[PDB]
Amino acid sequence: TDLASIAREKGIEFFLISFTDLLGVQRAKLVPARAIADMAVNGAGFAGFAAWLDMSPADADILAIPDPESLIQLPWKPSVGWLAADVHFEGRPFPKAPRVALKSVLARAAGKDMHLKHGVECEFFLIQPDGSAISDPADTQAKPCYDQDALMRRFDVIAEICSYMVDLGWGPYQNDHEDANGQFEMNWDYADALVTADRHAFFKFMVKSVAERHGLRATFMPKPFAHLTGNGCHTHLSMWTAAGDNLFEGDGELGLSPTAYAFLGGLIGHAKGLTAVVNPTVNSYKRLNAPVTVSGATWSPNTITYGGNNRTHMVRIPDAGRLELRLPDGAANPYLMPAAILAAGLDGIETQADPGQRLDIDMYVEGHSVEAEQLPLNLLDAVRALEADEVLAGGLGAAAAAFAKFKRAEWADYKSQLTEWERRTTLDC
Amino acid sequence: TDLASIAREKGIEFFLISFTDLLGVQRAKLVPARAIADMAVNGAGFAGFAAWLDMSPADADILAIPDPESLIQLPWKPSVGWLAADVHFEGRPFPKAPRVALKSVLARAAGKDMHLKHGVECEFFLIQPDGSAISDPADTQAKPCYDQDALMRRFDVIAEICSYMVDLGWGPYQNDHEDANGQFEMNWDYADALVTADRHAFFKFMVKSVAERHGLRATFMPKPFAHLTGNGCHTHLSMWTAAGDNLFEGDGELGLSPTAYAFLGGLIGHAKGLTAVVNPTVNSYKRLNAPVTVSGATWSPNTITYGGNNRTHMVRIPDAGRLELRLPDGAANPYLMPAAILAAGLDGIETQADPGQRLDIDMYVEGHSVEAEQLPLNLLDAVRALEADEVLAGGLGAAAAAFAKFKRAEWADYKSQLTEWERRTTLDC
Amino acid sequence: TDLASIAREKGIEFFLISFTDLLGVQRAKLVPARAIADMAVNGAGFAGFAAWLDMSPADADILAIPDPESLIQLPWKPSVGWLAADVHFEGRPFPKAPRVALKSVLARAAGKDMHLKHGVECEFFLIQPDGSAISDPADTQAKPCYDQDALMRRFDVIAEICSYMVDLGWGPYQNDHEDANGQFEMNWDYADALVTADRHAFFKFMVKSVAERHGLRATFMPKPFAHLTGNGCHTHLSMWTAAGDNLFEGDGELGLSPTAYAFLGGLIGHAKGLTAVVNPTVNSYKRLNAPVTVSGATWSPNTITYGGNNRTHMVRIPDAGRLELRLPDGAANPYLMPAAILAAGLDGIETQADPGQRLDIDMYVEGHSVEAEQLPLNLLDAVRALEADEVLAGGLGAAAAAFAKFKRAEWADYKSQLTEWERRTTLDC
Ligand SMILES: Nc1ncnc2c1ncn2[C@@H]1O[C@H](COP(=O)(O)OP(=O)(O)O)[C@@H](O)[C@H]1O
Ligand SMILES: Nc1ncnc2c1ncn2[C@@H]1O[C@H](COP(=O)(O)OP(=O)(O)O)[C@@H](O)[C@H]1O
Ligand SMILES: Nc1ncnc2c1ncn2[C@@H]1O[C@H](COP(=O)(O)OP(=O)(O)O)[C@@H](O)[C@H]1O
Ligand SMILES: C[S@](=O)(CC[C@H](N)C(=O)O)=NP(=O)(O)O
Ligand SMILES: C[S@](=O)(CC[C@H](N)C(=O)O)=NP(=O)(O)O
Ligand SMILES: C[S@](=O)(CC[C@H](N)C(=O)O)=NP(=O)(O)O
Ligand SMILES: [Mg+2]
Ligand SMILES: [Mg+2]
Ligand SMILES: [Mg+2]
Ligand SMILES: [Mg+2]
Ligand SMILES: [Mg+2]
Ligand SMILES: [Mg+2]
Ligand SMILES: [Mg+2]
Ligand SMILES: [Mg+2]
Ligand SMILES: [Mg+2]
């Protein structure tokens, strides 16, 4: 069946033909069902410079061609169908568009019979619409993680969204209040990277939209409050043959194969550049290497290291047959994040990279007793690392340079902003 | 029947897989019904350091394995089923988890054919959401105990909660307004210790949840107002054989057996360390040994003594065949409280402990006369006594040392806080 | 010099025995005239850890021995005499004290018959006491530099201070409104470095004091407003023989000698580490490499370069026989600044350092035109450079290590502060 028939069968009156730009912003046209057939073949036209794609106002329209397999009837508004799209320019997929960049990396891995599957942990906060405070003034205790009371106080919002994921078939399996006051996490089944990436992009839209209907606001900001735990977007990772075998399952340490350790070697080896992509904002660097929070731990990475089932490192091994990359934050691009992770891991496999020694220690407490490379400390340093990393920059194609350009502009803007701390501590010099 | 079938049968859309931590905080994940079968067998995963379990962020996930027999469909929201769970760590029940600690003491006792049954008197206040005052501004008289007017003014909340307990089969039998303005008590049938402990944990959650739905707020704080009676959590206690005989029933004084008096002897003998557990907060020590209240009596213990049917001692004998321990307050952990009480009682029975002479006097008025040992006067001293008590510390296992550690941290935090009384009386020194 | 007799003669009732700590803070004891004799010999005691000296509370008292030659009767309150002092510890001048550290460098240069003389341009803003805005709401035009109206609107403050400098014999010669709205500059004759350093320390204190008496507030903050020119503290520099000849006076380009150019070579060669000392705050790095201001130019350095009479470089040659280092800002330590500049310049002279090619262009406009090294972009990088620079670190001795430690701590504190720009631009990620 084609989209026009489906629209008629399911009662879809409009479609959002949607794409994700380099900064993660969802761009779309809302097209009435009468126009979907033509759009589905030829794509919907956009002026690319108006989005974060690093183009020019003089360029021809890009055409975003929807992937009919990605269709989602908005569970909160079923007369509307959401579609993920590949941006095309000059008759070909446009290499600066995140989804296109990911599919390229995926195609290279697939040609080696290695298929990335991943799940995302999209932690978010529920806050007042004005952004001044969390949504629940009674959520105050020092260790609020897994709080039953505060979770159930937001039951209506959380249950509504979980039930939508049940109906969409994502296989959600748990929800909780997370470690910061105001913060939540809703988990669902991993899938082929592309599937998860589209789900990741839609999920954020869904949470934000539903929150708003409830008179709340959701944020995925990496570090919205200085003294509270931040928003991670941990990525659990495994690589599979087309025949359905998990290449990461093995007889080695912690139930991992040498292929899993080499992939891990790639993450470790390329970590500095990876950070630019998966911690893509100035604020990202206040979540990494952060002072101890009120709850007693940041739970985010400080160092380029890994442990076993241990949440104090860049990588955790949570169970046999997979790796948890704890590095990414809530701002990480749903498509660029897996693309950069795969480029790194693939190079790790191809070069049989050594991940180094597993550290079975609490890095927050004992990191001083061990020599370990620190992660890049600010956005500018991460971006330089990205630019200097041939495997990453090469693997992401033109997206990498465009991304770096934008982040450098953001940095230049940020660095000129006077802060209150400066006024307080310098006025009397 | 398994949880998945029950969910379909009864229309349960989500389960709360819940455990109680060392500070009594309810920790939970909300899992959709599709995922309960896996969770019931393997348990829900948590990072234990994020709760009050005294672990490390570097530790592997604990697994909370729900007890299917504990299942409660939330009477105010039947699409959600609540389950109490045992925390497991590294393949075994985690001894720092209160519910596990209790089960361990129960198993020892049960190996001697002695089964603890207890009922709890969970006094609470209904207060304004902001915590500034009690919920009912017309509840003002000096002696408000059993006030018909003020009870019926909160009929809707109280009656709703009692009806839920009727329907859950807890066998509730009375409700009243208690001795402080704003304060209430709802009583239900005693049961095997583990059942009562689970019910106790659920009850506080239910009262808080329903209070909130009525625009009100419930608190179990031991001494929320300095001039009014505090919140106790008295435990009525008896020991039974597997065959169904109450070992406390006897031919001695007041219808008690030698076994009852030896148990009492353990309570008396271990009372100092027991206080740390059942009066577990700084504020607990403002309910114990308190100045007379507006109603004419504190009704809380001052001394390590017992009476007959007499509410002025640490222990009351309310009727043949049971003891009322009046020591515990509203902050007492639903699992550690019975665990510590049992450990002391068992040691009393095993050593044939002598509880001493029953005191048939009003200890508030005639205490000055008799030579009696006073209870610990503050949290720090009570905790010292706990650590010094081999039977208690040993019987609670690693929970004892974890608990002490947290309480010491709370004390240190508390002792540095400047109070208004100090400013008023010292500013002009 | 007999301070007791002077007190009687000039009517001095109290002395401020004053030292400058590593962060530039003026530390002092106010001693009645009856006690000056004893203090002048033995010093006034302080607990050094309570100031920014990097000591320990377990250390013996430091003793601040006043320099009677530095005596200044507060022109606005002549019953008080101010004295600059050298901190001593365990019987020897304390090497971490800025004045002591400066005198050490001066002594080395003096042994080679080279005597540093310098003048300082202590730009400041006059602001509202609450620090929210500038003091004069009518000072608003885009190019306010040398504004006659706005200067005369603050005649009373400016004139009062200038007349004080006339009377103290400092040889003031001009005052103006500077390039930022609210900003002013008052200039006086150069002198022997130690003399200028003491005058500099006193000047800041006198301006702040007099501003306050007029219901205003003075700040020397490097960049108090993002869009306006910042506060520099340019130093004009020359080296003299004990016989009274200016060694910088010469036949080379622009009336400079080979010695001047070799001194300049030290400045250029050591610029990266020098930045840490003369741009000592986080905020300093918003004045350097700043975006264009409303007035059309920042007038501060971006690059490690020099020009002729040209205000767009790190060093300007303003006239025959001297150099202007435009690098330092208003937070520069009055003693550490000259000390570090001298260490760098002496090394230049000793190694006949080559300053490179003079650039006769506007670096703000034609920086892209030529390869030039950029100055450190932030405090942490500048401090790192200080530590790696043997001449500077060695030249300032222990003061450099201690300075670097405090500034690292400042950075740690600063980098965890959430800013409004982050909230605005990241909440919707
Ligand atoms: N073999 C696998 N490869 C990739 N992801 C997996 C694999 N197995 C499970 N996952 C996914 O990993 C994610 C785990 O999330 P979560 O339960 O929140 O982990 P955590 O223990 O870090 O809190 C889920 O999305 C899950 O589906
Ligand atoms: N043999 C027993 N052992 C333990 N608890 C019991 C026994 N008999 C009754 N109880 C319980 O004791 C509790 C009494 O509560 P309550 O009526 O408020 O007592 P009181 O106000 O007199 O102190 C109830 O939970 C009741 O079920
Ligand atoms: N030979 C010299 N060595 C050091 N400083 C000098 C020398 N000659 C003049 N100065 C001082 O340099 C400073 C010049 O300040 P200023 O007039 O504000 O210069 P400009 O604004 O042109 O940069 C004055 O303090 C002046 O006394
Ligand atoms: C409890 S936590 O470790 C918290 C992570 C933190 N929010 C962060 O990554 O910044 N998350 P999880 O156990 O779900 O992996
Ligand atoms: C009337 S009272 O004695 C009050 C007890 C008091 N609230 C306390 O234990 O602090 N309780 P009960 O008669 O229910 O045992
Ligand atoms: C007009 S200016 O060049 C401005 C300097 C600026 N305030 C700065 O150095 O940041 N000062 P001057 O001419 O007095 O040397
Ligand atoms: Mg998770
Ligand atoms: Mg999480
Ligand atoms: Mg995780
Ligand atoms: Mg009762
Ligand atoms: Mg009662
Ligand atoms: Mg009772
Ligand atoms: Mg000047
Ligand atoms: Mg100037
Ligand atoms: Mg100048």
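Counting starts at 1 for both ligands and their atoms, following the listed order. No hydrogens, no waters, no symmetry mates; every other heavy atom, side chains included, goes into these values. Each chain gets a letter, A, B and so on, in the order the sequences are listed, and its residues count up from 1.
Below 3.5 Å of separation, one finds no N or O of B:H234 facing any N or O of ligand 2. Distances between N or O atoms of B:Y173 and those of ligand 2 include at least one value under 3.5 Å. For the pair B:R316 and ligand 2, the shortest N or O to N or O distance falls below 3.5 Å. Any N or O atom pair closer than 3.5 Å counts here, and B:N187 shares at least one such pair with ligand 2. Inclusion of B:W188 in the set of residues having an N or O under 3.5 Å from an N or O of ligand 2 is warranted.
With respect to B:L237, the side-chain contact (heavy atoms from CB on, under 4.5 Å) criterion is satisfied by exactly one of B:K117, B:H118, B:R322, B:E324: B:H118.
Scanning the protein for heavy atoms near atom 3 (N) of ligand 2, the closest one is B:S238 OG, 2.6 Å. Atom 20 (P) of ligand 2 has as its closest protein heavy atom B:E121 OE1, 3.4 Å. The protein heavy-atom contact nearest to atom 9 (C) of ligand 2 is B:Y190 CD2, 3.6 Å. Of all protein heavy atoms, the one closest to atom 7 (C) of ligand 2 is B:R322 CD, 3.3 Å. Looking only at heavy atoms of the protein, atom 4 (C) of ligand 2 is closest to B:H236 O, 3.3 Å.
Heavy-atom proximity to B:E324, at under 4.0 Å, picks out these atoms of ligand 2: 23 (O). Here is the list of ligand 2 atoms found below 4.0 Å of a heavy atom in B:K117: 4 (C). Close contacts of ligand 2 with B:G119, meaning ligand atoms under 4.0 Å from a residue heavy atom, involve 5 (N), 25 (O). For ligand 2 and B:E185, the ligand atoms under 4.0 Å from any heavy atom of the residue are 18 (O). Within ligand 2, counting atoms from 1 as listed, the ones closer than 4.0 Å to a heavy atom of B:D189 are 27 (O). Close approach of ligand 2 to B:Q174 (heavy-atom distance below 4.0 Å) involves ligand atoms 17 (O), 18 (O).
Proximity of B:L237 to ligand 2, defined as any heavy-atom pair under 4.0 Å, is confined to the backbone N, CA, C and O atoms.
A:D329 and A:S284 form a side-chain donor-acceptor contact under 3.5 Å, judged by distance and modelled atom types alone. Judged purely by distance below 3.5 Å, without hydrogens or angles, the side chains of C:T305 and C:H313 pair a donor atom with an acceptor atom. At a cut-off of 3.5 Å, with distance as the only test, no side-chain donor of A:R287 or A:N231 sits close to an acceptor on the other residue. B:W240 and B:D245 share no side-chain donor-acceptor pair at under 3.5 Å. Side-chain contact of C:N187 with C:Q174: a donor-acceptor pair under 3.5 Å is present, judged by distance alone. In this model, a donor atom of one side chain and an acceptor atom of the other lie less than 3.5 Å apart for A:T229 and A:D179.
Take the Mg ion (ligand 9) as the corner point: the lines to OE2 of A:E324 and to OE1 of A:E121 open at 150°, to the nearest 10 degrees.
In this structure, A:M186 CE and A:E121 CD are separated by 14.0 Å, a value rounded to the nearest 0.5 Å.
Looking only at N/O/S atoms, C:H234 comes nearest to the Mg ion (ligand 15) through ND1.
Seen from the ring of A:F220, A:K204 counts as a face-on cation partner, given the 6.0 Å and 45° thresholds.
Taking the six-membered ring for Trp and the full ring otherwise, the centers of C:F203 and C:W188 sit less than 6.0 Å from each other. Ring centroids of C:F184 and C:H177 are separated by less than 6.0 Å, placing the two rings close together.
Between A:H200 and A:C233, the closest heavy-atom pair is CE1-SG, 3.6 Å.
Using 4.0 Å as the threshold, B:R311 has a heavy atom nearer than that to some atom of ligand 2.
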